[PDB]
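One structure is given below, encoded as structure tokens.
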Amino acid sequence: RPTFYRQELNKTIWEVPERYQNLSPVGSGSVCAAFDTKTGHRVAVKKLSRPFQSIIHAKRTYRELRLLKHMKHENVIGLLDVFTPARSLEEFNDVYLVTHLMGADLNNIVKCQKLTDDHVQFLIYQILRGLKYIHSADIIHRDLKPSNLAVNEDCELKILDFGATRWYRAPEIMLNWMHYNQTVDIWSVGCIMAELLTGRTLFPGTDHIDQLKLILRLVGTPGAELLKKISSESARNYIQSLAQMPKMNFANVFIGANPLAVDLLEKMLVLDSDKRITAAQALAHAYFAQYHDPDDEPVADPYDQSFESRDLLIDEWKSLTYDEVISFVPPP
Ligand SMILES: CC(C)(C)c1cc(C(=O)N2CCNC(=O)CC2)c(NC(=O)Nc2cccc3ccccc23)s1
Ligand SMILES: CCCCCCCCO[C@@H]1O[C@H](CO)[C@@H](O)[C@H](O)[C@H]1O
């Protein structure tokens, strides 16, 4: 066991190994940047807020730890370390996770640099590559947005989840469909891509219903083929009295853009989730001809998420979370 030191950072107590120094808050869990003396690199340390307060908190803590231990891909957040000051299961109450610090989020980059077409190919390529991996573990992000995309000075990107969101959300989620295929994530990529291309938020909705209104103005009101799959009688009625609205031709909307980028956006921003391109299919799209390597777009090992169906006691989730802290093995 290492030697821990304590310190208070903005009305929070932080107890971490001496390994990590120069902690400075960046987020509120809450997150500090820090300097990892063992490598010389900068890290982000997340301290879980109240990890075992309820059964539901306890399950989310275990969820995040299990997920982060599983993710081993260049374009997805990965765990460098996980630690607790606690000397035993009965003492266990705090959880800290450590990852490589990337210097900026994509939101930051989009505001005072107009990206070139080459930049858009590389940034979206990477989000797709990391998504192919996440999806191959039967995980859905569900909140992909520029603030969840950490980017370095070489514009290398990783997907994470800090935890409006609305501007990037698939319309089925905002109408609580409850099913949700993984292409809800592809909807988000289409919104991100549009905004990388134009400099402007695609669907800057003011609230929940304005969000859907703006979405339908671009993509059109549901076509017969979509309406045929709608099981809920209310939904169909809720839909049939919004404005009878045409799909816009995206070629007309994203004026200056590479026609291959317009094509790909048409294949992402389809209302019917069944007809949206998959991350794997997208990686093969000619827009990414300069980046695609089918031998280097890997998939995840199988991910057991049977815990998701289980209704356990706090201390059960807590001993499970403790087990995973102990079995952690750092990357090379
Ligand atoms: C991208 C992917 C793989 C779908 C993630 C899911 C979650 C997650 O927690 N879950 C998302 C799904 N929903 C929930 O129930 C929570 C679990 C992540 N968690 C984090 O990205 N955590 C962190 C965020 C910001 C800073 C960090 C610094 C060091 C370590 C981790 C950090 S990333
Ligand atoms: C008024 C706005 C209408 C939004 C229509 C969203 C339809 C999304 O697409 C649907 O998603 C489901 C997965 O959630 C699938 O089961 C359906 O088969 C598919 O058609």
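Labels for the structure tokens follow display order: chains A, B, ..., residues from 1 in each chain, ligands from 1.
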
Let me see if you get this right: every residue at most 6 Å from ligand 2, counting only C-alpha atoms and all ligand atoms, written as a compact mmCIF listing (two decimals) with N, CA, C and O atoms, in the first residue's frame.
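Once everything was written out, this is part22.txt:
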# COMPACT_ATOMS: atom_id res chain seq x y z
N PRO A 171 -34.06 12.00 -31.11
CA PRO A 171 -35.43 12.42 -30.82
C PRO A 171 -36.18 11.32 -30.10
O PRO A 171 -37.00 11.62 -29.24
N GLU A 172 -35.86 10.07 -30.41
CA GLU A 172 -36.48 8.96 -29.65
C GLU A 172 -36.18 9.02 -28.15
O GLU A 172 -37.00 8.59 -27.33
N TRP A 177 -38.82 6.73 -25.88
CA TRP A 177 -39.22 5.52 -26.60
C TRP A 177 -38.95 4.32 -25.72
O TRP A 177 -39.71 3.35 -25.74
N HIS A 179 -36.75 1.89 -25.93
CA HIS A 179 -35.93 0.86 -26.59
C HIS A 179 -34.50 1.39 -26.75
O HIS A 179 -33.59 1.05 -25.99
N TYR A 180 -34.31 2.26 -27.73
CA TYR A 180 -33.01 2.84 -28.02
C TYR A 180 -32.03 1.84 -28.57
O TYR A 180 -31.45 1.01 -27.88
N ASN A 181 -31.80 1.95 -29.84
CA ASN A 181 -30.67 1.22 -30.37
C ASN A 181 -29.39 2.08 -30.18
O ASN A 181 -29.45 3.28 -29.81
N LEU A 226 -41.81 4.98 -41.30
CA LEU A 226 -41.58 5.16 -39.89
C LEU A 226 -42.89 5.01 -39.10
O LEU A 226 -42.93 4.31 -38.13
N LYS A 229 -44.22 1.69 -37.91
CA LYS A 229 -43.55 0.97 -36.81
C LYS A 229 -43.87 1.54 -35.44
O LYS A 229 -43.29 1.10 -34.44
N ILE A 239 -47.87 12.83 -32.97
CA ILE A 239 -47.10 13.13 -34.17
C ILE A 239 -47.92 13.74 -35.32
O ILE A 239 -47.48 14.70 -35.97
N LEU A 271 -34.37 10.15 -38.99
CA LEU A 271 -35.29 10.01 -37.90
C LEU A 271 -35.44 8.54 -37.52
O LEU A 271 -35.33 8.16 -36.34
N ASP A 272 -35.64 7.68 -38.50
CA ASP A 272 -35.82 6.27 -38.18
C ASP A 272 -34.49 5.65 -37.73
O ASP A 272 -33.63 5.47 -38.58
N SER A 273 -34.36 5.26 -36.47
CA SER A 273 -33.09 4.74 -35.94
C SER A 273 -32.64 3.48 -36.67
O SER A 273 -31.43 3.25 -36.86
N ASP A 274 -33.59 2.73 -37.20
CA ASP A 274 -33.26 1.56 -37.98
C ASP A 274 -32.52 1.86 -39.25
O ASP A 274 -31.90 0.97 -39.79

Which residues form the shell of 6 Å around ligand 1 when you count only C-alpha atoms and all ligand atoms, given as a list in words?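 Answer in the requested format: residues 44, 45, 46, 60, 63, 64, 97, 98, 99, 141, 159, 160, 161 and 162 of chain A.
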
Go ahead and write the residues just picked, N, CA and C atoms, as a compact mmCIF listing (two decimals), in the first residue's frame.
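again.txt written:
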# COMPACT_ATOMS: atom_id res chain seq x y z
N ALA A 44 -5.98 13.25 -14.65
CA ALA A 44 -7.22 13.73 -14.13
C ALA A 44 -7.62 12.68 -13.06
N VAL A 45 -7.89 13.14 -11.84
CA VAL A 45 -8.32 12.26 -10.72
C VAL A 45 -9.79 12.61 -10.43
N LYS A 46 -10.71 11.65 -10.57
CA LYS A 46 -12.10 11.86 -10.24
C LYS A 46 -12.37 11.25 -8.89
N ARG A 60 -24.50 2.66 -9.49
CA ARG A 60 -23.82 3.60 -10.46
C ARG A 60 -22.28 3.65 -10.27
N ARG A 63 -21.09 0.35 -11.56
CA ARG A 63 -21.23 0.50 -13.04
C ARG A 63 -20.03 1.24 -13.59
N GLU A 64 -19.68 2.36 -12.97
CA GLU A 64 -18.64 3.20 -13.60
C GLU A 64 -17.28 2.51 -13.46
N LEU A 97 -10.67 7.47 -9.15
CA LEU A 97 -10.26 6.92 -10.46
C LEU A 97 -9.30 7.90 -11.17
N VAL A 98 -8.33 7.35 -11.88
CA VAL A 98 -7.26 8.15 -12.48
C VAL A 98 -7.15 7.87 -13.98
N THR A 99 -7.11 8.93 -14.78
CA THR A 99 -6.89 8.75 -16.19
C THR A 99 -5.90 9.75 -16.76
N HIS A 141 -23.51 5.01 -25.23
CA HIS A 141 -23.14 6.25 -24.51
C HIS A 141 -24.37 7.02 -23.99
N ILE A 159 -13.36 9.64 -26.10
CA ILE A 159 -14.70 9.70 -25.62
C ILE A 159 -14.75 9.44 -24.13
N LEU A 160 -15.44 10.30 -23.38
CA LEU A 160 -15.68 10.01 -21.97
C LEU A 160 -17.08 10.42 -21.66
N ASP A 161 -17.45 10.43 -20.36
CA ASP A 161 -18.79 10.86 -19.97
C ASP A 161 -18.65 11.57 -18.59
N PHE A 162 -18.70 12.90 -18.60
CA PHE A 162 -18.59 13.73 -17.39
C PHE A 162 -19.81 13.54 -16.51

For residue 259 of chain A, the nearest of the candidates A:245, A:197, A:313, A:279, counting only C-alpha atoms
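Under the stated criterion, the closest residue is A:197.
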
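In this model, the gap between atom CA of residue 89 of chain A and atom CA of residue 301 of chain A comes to 28.9 Å.
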
How many Å lie between atom CA of residue 309 of chain A and atom CA of residue 72 of chain A, rounded to one decimal?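 Atom-to-atom, atom CA of residue 309 of chain A and atom CA of residue 72 of chain A are spaced 24.3 Å apart.
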
Exercise: segment 101-110 of chain A partners within 9 Å, only C-alpha atoms, chain neighbours under 4 positions left out, as number ranges by chain:
A: 33-34, 41-45, 114-115, 145-153, 157-158, 195-196, 199-200

Exercise. If you run DSSP on the backbone, which residues of segment 83-280 of chain A are helix (DSSP H, G or I), as a ChimeraX atom specification?
Worked result: /A:106-112,117-136,146-148,165-168,171-174,184-198,208-219,224-227,233-240,250-253,259-268,273-275,279-280

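From atom CA of residue 130 of chain A back to atom CA of residue 56 of chain A, the distance works out to 27.8 Å.
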
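Checking A:269, A:208, A:31, A:264 one by one against residue 220 of chain A, counting only C-alpha atoms, you find the shortest gap at A:269.
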
Check your understanding: Out of A:37, A:281, A:88, A:126, which residue has the shortest atom-to-atom distance to residue 76 of chain A when counting only C-alpha atoms?
Key ->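 Smallest separation from residue 76 of chain A among the options: A:126.
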
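Shortest atom-to-atom contact with residue 156 of chain A among A:267, A:285, A:59, A:119: A:119, counting only C-alpha atoms.
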
Run DSSP on the backbone and give me the residues of segment 14-119 of chain A it puts in strand (DSSP E or B), as a count of residues only. 37

Margin query: Give me the residues near segment 216-219 of chain A as a PyMOL selection string, where near means some atom within 12 Å (using only C-alpha atoms) and where sequence neighbours in that chain fewer than 5 positions away do not count.
Written below: chain A and resi 170-171+187+191+202-203+205+209-211+239+242-254+265-272

Handout entry: Contacts of residue 134 of chain A within 12 Å, only C-alpha atoms, excl. fewer than 5 positions in-chain, as a PyMOL selection string
Key = chain A and resi 67-68+70-78+127-129+139-142+158-160+182-183+185+279-280+297-303

Q) What's the 7 Å shell around residue 15 of chain A, counting only C-alpha atoms, without same-chain residues fewer than 4 positions away, as a count of residues only? A) 5

* Tell me which protein, DNA and RNA residues are within 8 Å of residue 291 of chain A, counting only C-alpha atoms, leaving out same-chain ones fewer than 2 positions away, and put them as a ChimeraX atom specification. => /A:121-122,125,288-289,293

Take the selection from the previous step and output its residues with C-alpha atoms, as a PDB file, in the first residue's frame.
ATOM      1  CA  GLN A 121     -12.495  13.881 -41.064  1.00  0.00           C
ATOM      2  CA  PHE A 122      -9.986  13.112 -38.297  1.00  0.00           C
ATOM      3  CA  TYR A 125     -13.193   9.354 -37.605  1.00  0.00           C
ATOM      4  CA  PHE A 288     -12.688   8.813 -44.144  1.00  0.00           C
ATOM      5  CA  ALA A 289     -10.679   7.178 -46.989  1.00  0.00           C
ATOM      6  CA  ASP A 293      -7.690   1.187 -41.591  1.00  0.00           C
TER       7      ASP A 293
END
